[PDB]
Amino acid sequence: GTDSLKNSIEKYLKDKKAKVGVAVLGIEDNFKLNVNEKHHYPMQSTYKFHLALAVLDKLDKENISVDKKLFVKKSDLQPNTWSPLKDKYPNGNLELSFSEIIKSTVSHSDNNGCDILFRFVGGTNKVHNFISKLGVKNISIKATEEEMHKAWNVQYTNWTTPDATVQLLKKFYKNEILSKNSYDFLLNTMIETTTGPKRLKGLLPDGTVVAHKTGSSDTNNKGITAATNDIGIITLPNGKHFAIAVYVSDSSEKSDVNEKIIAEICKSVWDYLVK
């Protein structure tokens, strides 16, 4: 049955000109599915989940309220990157709460908010170690968003296996990582995500709860899109949950196809688990 679902996904992937990594882990039960999982996939913005974990842990441990505010300099809001915060606050030089910054960074994938938070938490190495020490191997966090935008290859240094991702998502969902309040906060923020609505969510019934974080790369001069990703936890019609991570990497396919790969793989998994 699980083997059959796997074979269906593998057959779907046969004519897609991309390297697609898939992992699924049940939250409450023992369901497990991996496809192409031993490869290293570039995370792009999906690593803002990991960053948010480390940030909220730091706030939890050091007794810093999420309503406390950072001073966000104009130079912290750089122009040549995706940034709803910057368009909201074009002059910068203002106090913003950790709450507001994290919500933008995670739900709207702000790149400036990401790097502001890397600086707050003490750098990429802090977050890399934090994750490693949760007992999840096969995740590498090396470069900030600014660093990734400087050169095409730098994104591949921020890599993961897909099964690492869902292991981490399951530790998180069972609230094994954060305080209750920080867990509630991050989970709500992941359900509130507005990006990628035609990825994991794309072909699921209207109103399905999907707590998720997307990531995307650009396309290079050879027509390759390095990363089109979506990771999250999905609620089934009976209240149970599954963690799923899909990484469409090094793809020669157009963006509509890359998103559809995620949506169709997710639908296949959903259809199996509801049945």
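One rule holds for the numbers: they count along the sequence shown, beginning at 1.
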* Asked: Mean C-alpha B-factor higher for 191-199, or for 107-115?
  -> 191-199
* To do: With reference to the PDB entry, specify whether the mean Cα temperature factor is higher for 202-210 or for 41-49.
  => 202-210
* Determine which member of 170, 133, 88, 142 has the highest CA B-factor, using the values in the deposited entry. => 133
* Taking the entry's C-alpha B-factors for this chain, is residue 151 in the lowest, middle or highest third? -> highest
* Asked: Against its chain's modelled residues, does residue 162's Cα B factor rank lowest, middle or highest third?
  -> lowest
* Taking the C-alpha B-factors as the PDB entry records them, is residue 78 in the lowest, middle or highest third of its chain? -> highest
* How does residue 84 rank on Cα B-factor within its chain, lowest, middle or highest third? -> lowest
* To do: Among all modelled residues of this chain, ranked by Cα B factor, put residue 249 in the bottom, middle or top third, i.e. lowest, middle or highest.
  => lowest
